[PDB]
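Heads up: the structure comes next, in structure tokens.
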Amino acid sequence: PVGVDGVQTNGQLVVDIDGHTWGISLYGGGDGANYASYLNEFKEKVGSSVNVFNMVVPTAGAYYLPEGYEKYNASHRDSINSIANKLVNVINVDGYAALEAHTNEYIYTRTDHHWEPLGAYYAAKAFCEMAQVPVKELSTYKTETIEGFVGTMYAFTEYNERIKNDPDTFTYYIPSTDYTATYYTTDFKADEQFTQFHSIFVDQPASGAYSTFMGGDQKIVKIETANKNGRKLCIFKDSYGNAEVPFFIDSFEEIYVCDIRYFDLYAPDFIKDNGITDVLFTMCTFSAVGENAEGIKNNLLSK
């Protein structure tokens, strides 16, 4: 793309592209060696009978940074490759390539840290294909729309008004398969405040659009679906993973949704106790190469 009135602050670029303002986080790179070592350890702990998958995905700057900013942004692909190369008996899912094929579509937000749910769908699709439980067509889902979404880029750009003045449209999708969600604390105790609440879609004001998916991160969510195929998935994620969850409901009998930052148990025992068959680690590059990955060691792998 071609850019106009580009300004950098706080590691972000605010720039106009084809008449719309974007906030894009610039990337510095990283080998992800710690992350890969932690995943490898997790896999050793759960053993051969549990398939462990890795899907590290880029942020928008991998695809949409305009011409002339190459010197300010490292390759997301290179970090994703480095991680893949260091994995041992963990199945790598090429989410990067899946997204790259759909960049003409509205797969990323302009004003938020996260992809749009459409982007998450393509990544979920890549995983589900590898896992041999492919997703249904997006036309089978009920489409919902939130207008006037100004995401995290407003704060991250130190409240640049250009971001607030060019909101996204946030489009999400409700799957066709019946399910029931149960909300738990981070030590997997049923959360008594939410005993009667069983949807993964939570009503939010427009600013909270991304929090439509399970309301936030400091919890564990168990999802039981009408697809009784014996496949039981545990997802260990950062906030990018939140938007993938709706796209797994059609494909798995049970889904456990856990955040690597907020987990107060020993993950290998959690897998064993709940009969988990498949584990997905999914997060953006910044999380996998940075401090968030340490949550795998400090939270998931701590007894």
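Given the condition β-branched (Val, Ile, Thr) and over 17 Å from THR21 (Cα atoms), answer yes or no: does some residue in the range 44-51 qualify? Can you show your working first?
Going through the range 44-51, the residues β-branched (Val, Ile, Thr) turn out to be 46, 50.
Cutting the leftovers down to over 17 Å from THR21 (Cα atoms) gives us 46, 50.
Yes: one or more hits.
When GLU100, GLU105, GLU70, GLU147 are checked against the criterion of being without any contact (Cβ under 8 Å) to a residue 60 or more places away in the chain, more than 21 Å from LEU233 (Cα to Cα), touching a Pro at 6+ places or on another chain (Cβ under 8 Å) and surrounded by fewer than 20 Cβ atoms within 10 Å (Cβ to Cβ), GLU147 stands alone in meeting it. Could you go through the range 29-41 and let me know if any residue there is of a type in the set (S, T, N, Q) and free of Cβ contacts under 8 Å to residues at least 40 places away in the same chain. No, that holds for no residue.
Does at least one position in the range 189-207 carry a residue that is of a type in the set (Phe, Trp, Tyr), without any contact (Cβ under 8 Å) to a residue 24 or more places away in the chain and surrounded by 14 or more Cβ atoms within 10 Å (Cβ to Cβ)? Looking for residues that are of a type in the set (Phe, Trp, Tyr), without any contact (Cβ under 8 Å) to a residue 24 or more places away in the chain and surrounded by 14 or more Cβ atoms within 10 Å (Cβ to Cβ), one finds at least one in the range 189-207, hence yes. Of the numbered criteria (1) within 22 Å of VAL57 (Cα to Cα); (2) in contact (Cβ under 8 Å) with a residue 12 or more places away in the chain; (3) within 19 Å of the chain's Cα centre (by Cα), the one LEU87 fails is (3). Give the residue, chosen from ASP273, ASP259, that is more than 21 Å from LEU138 (Cβ to Cβ), surrounded by fewer than 21 Cβ atoms within 10 Å (Cβ to Cβ) and among the acidic types (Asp, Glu). Matching residue, one of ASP273, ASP259: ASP273.
Screening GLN132 on (1) under 21 Å from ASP250 (Cα atoms); (2) assigned to a helix (DSSP H, G or I) shows it passes everything except condition (2). Among the residues of the range 150-188, just one is part of a strand (DSSP E or B), crowded, with 19+ Cβ neighbours inside 10 Å and in contact with a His (Cβ under 7 Å, 6 or more places away or on another chain), namely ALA181.
Only residues that are of a type outside the set (A, V, I, L, M) and buried (at least 16 other Cβ atoms within 10 Å of the Cβ): list them for the range 9-30, please.
Our first condition is that a residue be of a type outside the set (A, V, I, L, M); within the range 9-30, this holds for 9-12, 16, 18-23, 25, 27-30.
Result: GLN12, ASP16, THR21, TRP22, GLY23, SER25, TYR27, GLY30.
Read-outs throughout are calculated quantities, based only on the coordinates presented, and are distinct from any laboratory measurement. When we count neighbours, we look across all protein chains shown, and the Cβ atoms used for this are built from the backbone with ideal geometry, even at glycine.
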